[PDB]
Amino acid sequence: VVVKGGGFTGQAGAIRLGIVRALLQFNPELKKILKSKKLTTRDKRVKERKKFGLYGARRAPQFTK
Amino acid sequence: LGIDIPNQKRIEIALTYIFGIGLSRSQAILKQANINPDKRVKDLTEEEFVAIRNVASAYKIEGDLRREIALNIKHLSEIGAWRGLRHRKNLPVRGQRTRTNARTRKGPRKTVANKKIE
Amino acid sequence: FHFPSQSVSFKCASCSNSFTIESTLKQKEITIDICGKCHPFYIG
Amino acid sequence: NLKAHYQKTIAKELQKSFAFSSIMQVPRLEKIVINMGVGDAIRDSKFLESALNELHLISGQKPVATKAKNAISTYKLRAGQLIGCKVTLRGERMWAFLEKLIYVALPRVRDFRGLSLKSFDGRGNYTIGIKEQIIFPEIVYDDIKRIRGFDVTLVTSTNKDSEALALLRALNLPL
Amino acid sequence: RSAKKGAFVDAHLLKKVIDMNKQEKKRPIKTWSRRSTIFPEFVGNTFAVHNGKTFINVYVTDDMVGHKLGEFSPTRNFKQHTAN
RNA sequence: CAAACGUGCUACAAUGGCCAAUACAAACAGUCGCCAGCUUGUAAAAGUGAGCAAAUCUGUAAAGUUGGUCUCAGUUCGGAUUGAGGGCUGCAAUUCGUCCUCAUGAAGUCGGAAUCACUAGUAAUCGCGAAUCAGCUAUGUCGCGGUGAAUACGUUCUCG
């Protein structure tokens, strides 16, 4: 395994996908257990773009009344 | 100086409770003494103590520092200068937000009502 | 009744000379940081 | 103690200094009084047993307290309720106290610059103001309700200040 | 001074100081600039420093020269607290 | 400036400080700007002098990891008012710059009635980039990426 960029957990997920993809191409019946355990490819789980006027991604400063 | 420092601690922190000497200067003075500090050692001999007194007297002890600073404040306050006038009224001198946030010398916490409307 | 207090040795703590003065007799040969004859404020 | 040294040297140069040609008209030491001046023992405080034991250790003789000479209306003090201490010193104990103080207490002060401009009665008796509890080599580590000094005074035979100051200089008390 | 204008003075008021340093030190001289830092040559005269309303006359003492002229001229009034 | 509302940073700490070594990012910017390395300077920062009209070069990741280290104090956590000595910037550093060194180490133990943000790299957060200039306690503002949750029974009540 050789990685470029990203945090250790992100690199861990990258090598997760690499290992599983190489296993799948190695022998087709591996696909089956991938559907058995449902541990599969990317969950498109990435940092969303924070917006203007928000100190975070879903954070407003606070609402005065 | 020469006061019985609290026991049960390392020498580095032992040379901190004395007024005028903090952390880095304590490290420098300890290294000048060459005590070779170990864990939770307080008293081992007196030949170290004499060197400590000599090097401390080479620097300025708490008492003389207090006298000199009091004299400097007196001199800056007894001459025409905004710093002395500011210090005489018990307000910060170096320049900070003086609008509503200065309550380190401006009384612990006291307040008065503003004018009422409606 | 008066409790007896007798001489305690004091000869070398920060200088080489001192006078034998009496103190509490429950201990002997106690050391002090500085005495009169080696006090920088005493002479200088 | 130093009485042998006092008669050894100091008396003769004291005679030589001022033209009197008498061995005893020079100033002499009589007594030293130790007073505590307790004003904090109004309620259930340490009631001087800390002070009692430390003063009895620094001077083996029994310290004696004193009661109020009048009735002060700002407290519950009405001619009684003994306060302070009374220790009179003479004999070997002049020097026993004097060397202990001069060579064990004054250099032991946290910071001492000396003070002697006028501490006399106009007749040559010098009061000494103790600052901290710990100026004696021995002390019981129990804490007095208020950390204080001790009242001590040196008395001289002559009713003049110059000769008393000369004697004190001969005894080398810092000025 | 750091010799790198860390204690810089415009030094154009100093010309009048050199002028007045040879005429037996007569008291009245017109001088006002908050940009100037004082020197031992200055003491012994008056400064009509500009606070913002009028040229207030001040006499710098003979105890120090370290700080600046503009520091020695009070401008802000006293609060005179009015609790309504 | 006698005060109060706020909107925030940072503390009330052993879900840590301190001492050292040690990784893991991206995006953006850069020719009197990034400044490499070196002489250094306690360090600030000065100086010497490469490279970069830039996927070549410069912007050094931080939390994290290995060893200690302090053992429940209003402390060694925390730091601002306060004094001196210096540094940069700009012709200018008193009001009214910031940086370093020594000191200064108070107050503050989870903050009252009430209140705000959010269904996943989201809050929690951890360091960096940049419009702003010569510089700027902007503890701001537009973003980058690092670790990483908990919960969702249903709309009686509560609000829109």
# chains A, B, ... in the order shown; residues from 1 in each chain; ligands from 1
$ residues_around --residues "residue B:96" --least-positions-apart "3" --cutoff "12 Å" --atoms "only C-alpha atoms (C1' of nucleotides)" --output "NGL selection string"
(:B and (91-93 or 99-104)) or (:F and (80-81 or 95-96 or 137))
$ residues_around --residues "stretch 46-51 of chain D" --least-positions-apart "2" --cutoff "7 Å" --atoms "only C-alpha atoms (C1' of nucleotides)" --output "count of residues only"
8
$ select_by_dssp --residues "chain E" --states "alpha helix (DSSP H)" --output "list in words"
residues 14, 15, 16, 17, 18, 19 and 20 of chain E
$ interface_residues --of "chain F" --to "chain A" --cutoff "12 Å" --atoms "only C-alpha atoms (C1' of nucleotides)" --output "PyMOL selection string"
chain F and resi 5-8+23-26+61+63-65+114-125+140-148
$ write_last_selection --atoms "C-alpha atoms (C1' of nucleotides)" --output "PDB file, in the first residue's frame"
ATOM      1  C1'   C F   5     -26.924  44.892  26.824  1.00  0.00           C
ATOM      2  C1'   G F   6     -24.694  42.157  23.371  1.00  0.00           C
ATOM      3  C1'   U F   7     -21.620  39.138  19.159  1.00  0.00           C
ATOM      4  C1'   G F   8     -16.938  36.272  20.077  1.00  0.00           C
ATOM      5  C1'   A F  23       4.206  11.864  11.205  1.00  0.00           C
ATOM      6  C1'   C F  24      -0.385  12.626   8.496  1.00  0.00           C
ATOM      7  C1'   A F  25      -3.533  17.880   4.225  1.00  0.00           C
ATOM      8  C1'   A F  26      -5.587  20.550   0.748  1.00  0.00           C
ATOM      9  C1'   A F  61       1.156  21.520   9.366  1.00  0.00           C
ATOM     10  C1'   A F  63      -4.318  18.094  16.876  1.00  0.00           C
ATOM     11  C1'   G F  64      -1.857  12.552  16.779  1.00  0.00           C
ATOM     12  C1'   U F  65       2.042   9.153  18.074  1.00  0.00           C
ATOM     13  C1'   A F 114     -33.781  32.241  30.376  1.00  0.00           C
ATOM     14  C1'   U F 115     -31.888  31.158  25.996  1.00  0.00           C
ATOM     15  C1'   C F 116     -29.060  29.755  20.547  1.00  0.00           C
ATOM     16  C1'   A F 117     -26.609  25.967  16.407  1.00  0.00           C
ATOM     17  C1'   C F 118     -27.232  21.569  14.145  1.00  0.00           C
ATOM     18  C1'   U F 119     -29.778  14.735  11.325  1.00  0.00           C
ATOM     19  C1'   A F 120     -22.611  12.946   9.837  1.00  0.00           C
ATOM     20  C1'   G F 121     -17.123  14.484   8.654  1.00  0.00           C
ATOM     21  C1'   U F 122     -22.804  17.752  11.163  1.00  0.00           C
ATOM     22  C1'   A F 123     -22.080  19.907  15.802  1.00  0.00           C
ATOM     23  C1'   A F 124     -17.502  19.225  18.552  1.00  0.00           C
ATOM     24  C1'   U F 125     -13.640  20.914  16.928  1.00  0.00           C
ATOM     25  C1'   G F 140     -12.038  39.453  12.981  1.00  0.00           C
ATOM     26  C1'   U F 141     -14.291  38.065   7.885  1.00  0.00           C
ATOM     27  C1'   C F 142     -14.356  34.345   2.973  1.00  0.00           C
ATOM     28  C1'   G F 143     -12.264  29.159   2.905  1.00  0.00           C
ATOM     29  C1'   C F 144      -8.784  24.745   3.054  1.00  0.00           C
ATOM     30  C1'   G F 145      -8.010  20.273   4.804  1.00  0.00           C
ATOM     31  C1'   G F 146      -6.872  16.764   9.767  1.00  0.00           C
ATOM     32  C1'   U F 147      -9.636  13.458  14.122  1.00  0.00           C
ATOM     33  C1'   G F 148     -14.489  12.623  15.074  1.00  0.00           C
TER      34        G F 148
END
$ closest_residue --among "B:88, B:75, B:53, B:10" --to "chain F" --atoms "only C-alpha atoms (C1' of nucleotides)"
B:10
$ residues_around --residues "residue B:21" --least-positions-apart "4" --cutoff "9 Å" --atoms "only C-alpha atoms (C1' of nucleotides)" --output "PyMOL selection string"
(chain B and resi 15-17+25-26+61-62) or (chain F and resi 102-103)
$ atom_distance --atom1 "atom CA of residue D:84" --atom2 "atom CA of residue C:21"
26.6 Å
$ closest_atom_pairs --of "chain D" --to "chain B" --cutoff "9 Å" --atoms "only C-alpha atoms" --output "JSON lines"
{"residue": "D:108", "atom": "CA", "partner": "B:2", "partner_atom": "CA", "distance": 7.8}
{"residue": "D:109", "atom": "CA", "partner": "B:1", "partner_atom": "CA", "distance": 8.9}
{"residue": "D:110", "atom": "CA", "partner": "B:1", "partner_atom": "CA", "distance": 6.1}
{"residue": "D:111", "atom": "CA", "partner": "B:63", "partner_atom": "CA", "distance": 6.7}
$ interface_residues --of "chain B" --to "chain E" --cutoff "10 Å" --atoms "only C-alpha atoms" --output "VMD selection string"
chain B and resid 75 to 76 79 to 85 112 to 116
$ write_last_selection --atoms "N, CA, C and O atoms" --output "tab-separated table (two decimals), in the first residue's frame"
chain	number	residue	atom	x	y	z
B	75	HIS	N	8.33	58.74	40.28
B	75	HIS	CA	8.97	59.73	39.41
B	75	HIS	C	8.09	60.04	38.20
B	75	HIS	O	7.91	61.20	37.83
B	76	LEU	N	7.54	59.00	37.57
B	76	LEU	CA	6.65	59.21	36.43
B	76	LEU	C	5.34	59.86	36.84
B	76	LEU	O	4.67	60.46	35.98
B	79	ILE	N	5.78	64.04	37.81
B	79	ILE	CA	6.20	64.91	36.72
B	79	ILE	C	5.06	65.02	35.72
B	79	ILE	O	4.17	64.16	35.67
B	80	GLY	N	5.08	66.08	34.93
B	80	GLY	CA	4.05	66.29	33.93
B	80	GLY	C	4.07	65.22	32.85
B	80	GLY	O	4.95	65.21	31.99
B	81	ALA	N	3.08	64.33	32.89
B	81	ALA	CA	3.00	63.22	31.95
B	81	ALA	C	1.62	62.59	32.08
B	81	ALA	O	1.10	62.47	33.20
B	82	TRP	N	1.03	62.19	30.95
B	82	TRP	CA	-0.29	61.58	31.01
B	82	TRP	C	-0.25	60.22	31.69
B	82	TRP	O	-1.25	59.78	32.26
B	83	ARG	N	0.90	59.54	31.65
B	83	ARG	CA	1.01	58.24	32.31
B	83	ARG	C	0.85	58.37	33.82
B	83	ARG	O	0.12	57.59	34.45
B	84	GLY	N	1.52	59.35	34.43
B	84	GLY	CA	1.40	59.53	35.87
B	84	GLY	C	0.01	59.96	36.29
B	84	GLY	O	-0.54	59.46	37.27
B	85	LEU	N	-0.59	60.88	35.53
B	85	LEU	CA	-1.95	61.32	35.83
B	85	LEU	C	-2.93	60.16	35.70
B	85	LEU	O	-3.86	60.02	36.50
B	112	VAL	N	-24.43	51.55	38.32
B	112	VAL	CA	-25.42	52.59	38.58
B	112	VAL	C	-26.41	52.59	37.42
B	112	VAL	O	-26.07	52.24	36.29
B	113	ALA	N	-27.65	52.97	37.72
B	113	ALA	CA	-28.69	52.96	36.71
B	113	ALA	C	-28.45	54.03	35.65
B	113	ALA	O	-27.93	55.11	35.94
B	114	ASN	N	-28.83	53.72	34.42
B	114	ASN	CA	-28.86	54.68	33.33
B	114	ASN	C	-30.19	55.42	33.37
B	114	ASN	O	-31.10	55.08	34.13
B	115	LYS	N	-30.32	56.46	32.54
B	115	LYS	CA	-31.58	57.19	32.47
B	115	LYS	C	-32.66	56.30	31.87
B	115	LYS	O	-32.39	55.48	30.99
B	116	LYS	N	-33.89	56.46	32.36
B	116	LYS	CA	-35.01	55.63	31.95
B	116	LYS	C	-35.78	56.29	30.81
B	116	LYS	O	-35.86	57.52	30.72
$ interface_residues --of "chain F" --to "chain B" --cutoff "12 Å" --atoms "only C-alpha atoms (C1' of nucleotides)" --output "PDB file with C-alpha atoms (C1' of nucleotides), in the first residue's frame"
ATOM      1  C1'   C F   1     -16.324  56.806  30.893  1.00  0.00           C
ATOM      2  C1'   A F   2     -19.818  55.914  36.997  1.00  0.00           C
ATOM      3  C1'   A F   3     -22.427  51.758  33.683  1.00  0.00           C
ATOM      4  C1'   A F   4     -25.775  47.446  30.743  1.00  0.00           C
ATOM      5  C1'   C F   5     -26.924  44.892  26.824  1.00  0.00           C
ATOM      6  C1'   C F  18       6.052  21.323  30.447  1.00  0.00           C
ATOM      7  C1'   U F  42      18.345  33.902  24.508  1.00  0.00           C
ATOM      8  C1'   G F  68       9.169  11.046  31.130  1.00  0.00           C
ATOM      9  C1'   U F  69       6.995  15.070  33.915  1.00  0.00           C
ATOM     10  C1'   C F  70       3.992  17.244  37.476  1.00  0.00           C
ATOM     11  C1'   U F  71      -0.921  13.955  41.823  1.00  0.00           C
ATOM     12  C1'   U F  75      -1.632  25.297  42.009  1.00  0.00           C
ATOM     13  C1'   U F  76       2.763  24.287  37.758  1.00  0.00           C
ATOM     14  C1'   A F  80      -4.723  41.070  32.183  1.00  0.00           C
ATOM     15  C1'   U F  81      -4.107  45.440  34.345  1.00  0.00           C
ATOM     16  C1'   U F  82       1.258  46.679  35.801  1.00  0.00           C
ATOM     17  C1'   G F  83       7.919  48.019  35.220  1.00  0.00           C
ATOM     18  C1'   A F  84      12.219  47.924  32.586  1.00  0.00           C
ATOM     19  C1'   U F  94       1.857  59.462  24.227  1.00  0.00           C
ATOM     20  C1'   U F  95      -3.204  59.335  22.823  1.00  0.00           C
ATOM     21  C1'   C F  96      -3.177  55.455  18.770  1.00  0.00           C
ATOM     22  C1'   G F  97       0.851  49.497  16.271  1.00  0.00           C
ATOM     23  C1'   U F 101      12.994  38.842  27.190  1.00  0.00           C
ATOM     24  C1'   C F 102      12.622  39.172  32.211  1.00  0.00           C
ATOM     25  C1'   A F 103       9.383  39.894  35.776  1.00  0.00           C
ATOM     26  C1'   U F 104       2.950  40.456  37.006  1.00  0.00           C
ATOM     27  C1'   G F 105       0.511  35.432  38.327  1.00  0.00           C
ATOM     28  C1'   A F 106      -4.731  38.171  40.638  1.00  0.00           C
ATOM     29  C1'   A F 107      -9.976  37.048  39.741  1.00  0.00           C
ATOM     30  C1'   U F 137      -4.234  42.159  20.227  1.00  0.00           C
TER      31        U F 137
END
$ residues_around --residues "residue F:35" --least-positions-apart "4" --cutoff "12 Å" --atoms "only C-alpha atoms (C1' of nucleotides)" --output "ChimeraX atom specification"
/F:30-31,49-52,57-59
$ write_last_selection --atoms "N, CA, C and O atoms (P, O5', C5', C4', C3', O3' and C1' of nucleotides)" --output "PDB file, in the first residue's frame"
ATOM      1  P     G F  30      -0.442  36.435  -6.527  1.00  0.00           P
ATOM      2  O5'   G F  30       1.111  36.561  -6.202  1.00  0.00           O
ATOM      3  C5'   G F  30       1.572  37.458  -5.203  1.00  0.00           C
ATOM      4  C4'   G F  30       2.927  37.054  -4.684  1.00  0.00           C
ATOM      5  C3'   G F  30       4.004  36.841  -5.735  1.00  0.00           C
ATOM      6  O3'   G F  30       4.593  38.056  -6.163  1.00  0.00           O
ATOM      7  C1'   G F  30       4.038  35.055  -4.181  1.00  0.00           C
ATOM      8  P     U F  31       4.322  38.621  -7.642  1.00  0.00           P
ATOM      9  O5'   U F  31       4.882  40.111  -7.583  1.00  0.00           O
ATOM     10  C5'   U F  31       5.893  40.551  -8.483  1.00  0.00           C
ATOM     11  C4'   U F  31       7.165  40.913  -7.756  1.00  0.00           C
ATOM     12  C3'   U F  31       8.169  41.726  -8.571  1.00  0.00           C
ATOM     13  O3'   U F  31       8.902  42.580  -7.696  1.00  0.00           O
ATOM     14  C1'   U F  31       9.154  39.682  -7.931  1.00  0.00           C
ATOM     15  P     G F  49      25.640  39.796  -0.225  1.00  0.00           P
ATOM     16  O5'   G F  49      24.992  38.509  -0.905  1.00  0.00           O
ATOM     17  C5'   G F  49      25.764  37.344  -1.153  1.00  0.00           C
ATOM     18  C4'   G F  49      24.893  36.116  -1.234  1.00  0.00           C
ATOM     19  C3'   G F  49      23.817  36.137  -2.308  1.00  0.00           C
ATOM     20  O3'   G F  49      24.305  35.760  -3.586  1.00  0.00           O
ATOM     21  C1'   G F  49      22.852  35.497  -0.256  1.00  0.00           C
ATOM     22  P     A F  50      23.298  35.603  -4.828  1.00  0.00           P
ATOM     23  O5'   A F  50      22.742  34.117  -4.686  1.00  0.00           O
ATOM     24  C5'   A F  50      21.647  33.668  -5.471  1.00  0.00           C
ATOM     25  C4'   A F  50      21.423  32.185  -5.312  1.00  0.00           C
ATOM     26  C3'   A F  50      20.283  31.599  -6.127  1.00  0.00           C
ATOM     27  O3'   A F  50      20.653  31.339  -7.470  1.00  0.00           O
ATOM     28  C1'   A F  50      20.169  30.796  -3.903  1.00  0.00           C
ATOM     29  P     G F  51      19.804  31.969  -8.679  1.00  0.00           P
ATOM     30  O5'   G F  51      18.401  31.221  -8.591  1.00  0.00           O
ATOM     31  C5'   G F  51      18.326  29.805  -8.651  1.00  0.00           C
ATOM     32  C4'   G F  51      17.008  29.304  -8.121  1.00  0.00           C
ATOM     33  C3'   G F  51      15.770  29.995  -8.668  1.00  0.00           C
ATOM     34  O3'   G F  51      15.382  29.488  -9.934  1.00  0.00           O
ATOM     35  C1'   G F  51      15.605  29.819  -6.315  1.00  0.00           C
ATOM     36  P     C F  52      14.711  30.457 -11.024  1.00  0.00           P
ATOM     37  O5'   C F  52      13.196  30.572 -10.546  1.00  0.00           O
ATOM     38  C5'   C F  52      12.428  29.412 -10.277  1.00  0.00           C
ATOM     39  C4'   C F  52      11.210  29.745  -9.453  1.00  0.00           C
ATOM     40  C3'   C F  52      10.359  30.895  -9.970  1.00  0.00           C
ATOM     41  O3'   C F  52       9.474  30.500 -11.006  1.00  0.00           O
ATOM     42  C1'   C F  52      10.733  31.166  -7.650  1.00  0.00           C
ATOM     43  P     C F  57      10.642  21.692  -6.274  1.00  0.00           P
ATOM     44  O5'   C F  57      10.893  23.222  -5.901  1.00  0.00           O
ATOM     45  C5'   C F  57      12.214  23.723  -5.742  1.00  0.00           C
ATOM     46  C4'   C F  57      12.216  25.150  -5.254  1.00  0.00           C
ATOM     47  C3'   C F  57      11.395  25.433  -4.010  1.00  0.00           C
ATOM     48  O3'   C F  57      12.056  25.059  -2.813  1.00  0.00           O
ATOM     49  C1'   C F  57      10.964  27.096  -5.634  1.00  0.00           C
ATOM     50  P     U F  58      11.203  24.610  -1.528  1.00  0.00           P
ATOM     51  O5'   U F  58      10.644  25.979  -0.941  1.00  0.00           O
ATOM     52  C5'   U F  58      11.530  27.019  -0.549  1.00  0.00           C
ATOM     53  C4'   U F  58      10.787  28.292  -0.243  1.00  0.00           C
ATOM     54  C3'   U F  58       9.620  28.163   0.721  1.00  0.00           C
ATOM     55  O3'   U F  58      10.032  28.133   2.076  1.00  0.00           O
ATOM     56  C1'   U F  58       8.962  29.458  -1.146  1.00  0.00           C
ATOM     57  P     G F  59       9.501  26.979   3.058  1.00  0.00           P
ATOM     58  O5'   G F  59       8.496  27.741   4.031  1.00  0.00           O
ATOM     59  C5'   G F  59       7.149  27.317   4.169  1.00  0.00           C
ATOM     60  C4'   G F  59       6.194  28.477   4.024  1.00  0.00           C
ATOM     61  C3'   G F  59       4.732  28.177   4.315  1.00  0.00           C
ATOM     62  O3'   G F  59       4.426  28.173   5.696  1.00  0.00           O
ATOM     63  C1'   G F  59       4.889  29.348   2.281  1.00  0.00           C
TER      64        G F  59
END
